[PDB]
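Here's the structure, in structure tokens; my notes come after.
Only heavy atoms go into these numbers, but all of them, side chains included; no hydrogens, no water, no symmetry mates. Reminder, nothing fancy here: chain letters follow the sequence lines and each chain counts from 1.
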Amino acid sequence: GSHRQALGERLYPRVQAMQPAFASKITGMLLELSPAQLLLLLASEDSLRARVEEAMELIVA
Amino acid sequence: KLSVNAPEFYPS
């Protein structure tokens with residue numbers, strides 16, 4: 001969708017800074033969260049880190 | 001709930 005793409009564009013380099021190799025996969029996963037959780041991700045470095053690591057071990061297990 | 005089946009995202 002047009003809106004989730006804009007979200008994804010803002011989120012992507014931030015995820016890439018922490019997971020250069022899986023940024024595309026992780027961003028797409030992240031974009032399935034509730035609006036509320038997405039907002040929090042945008043607003044909060046620490047909150048995003050938590051989701052990114054969450055996403056990481058869902059992938060590797 | 002995070003989802004290994006989500007589509008991959010593609011920047012521009």
(message) Under 4.5 Å between side-chain heavy atoms, counting indirect links through other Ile/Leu/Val/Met/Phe/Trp/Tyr residues: same cluster for A:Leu48 and A:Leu39 or not?
(response) no
To see if you've got the definition right, give the donor-acceptor pairs under 3.5 angstrom between chain B and chain A.
from: B:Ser3; atom 1: OG; to: A:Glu32; atom 2: OE1; distance (Å): 2.8
from: B:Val4; atom 1: O; to: A:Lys25; atom 2: NZ; distance (Å): 3.1
from: B:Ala6; atom 1: O; to: A:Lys25; atom 2: NZ; distance (Å): 2.5
from: B:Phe9; atom 1: N; to: A:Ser24; atom 2: O; distance (Å): 2.9
from: B:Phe9; atom 1: N; to: A:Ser24; atom 2: OG; distance (Å): 3.4
from: B:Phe9; atom 1: O; to: A:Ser24; atom 2: OG; distance (Å): 2.4
from: B:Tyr10; atom 1: O; to: A:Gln5; atom 2: NE2; distance (Å): 3.2
from: B:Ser12; atom 1: N; to: A:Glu9; atom 2: OE2; distance (Å): 3.0
from: B:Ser12; atom 1: OG; to: A:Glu9; atom 2: OE2; distance (Å): 3.2

(request) Looking only at non-hydrogen atoms, find the nearest pair between B:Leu2 and A:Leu58 and report the distance. (result) O-CD1, 3.2 Å
(message) Need one label for A:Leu11: side chain, backbone, both or neither, based on atoms under 4.5 Å from any heavy atom in chain B.
(response) neither
(message) Could you measure the distance from the CZ atom of B:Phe9 to the CD1 atom of A:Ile26? Nearest 0.5 Å is fine.
(response) 13.0 Å
(request) Tell me whether A:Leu40 is reachable from A:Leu30 by hopping between hydrophobic residues (I, L, V, M, F, W, Y) whose side-chain heavy atoms are closer than 4.5 Å. (result) no
(message) Testing the basics here: between B:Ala6 and A:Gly28, what is the closest heavy-atom pair and its distance to 0.1 Å?
(response) CB-O, 3.5 Å
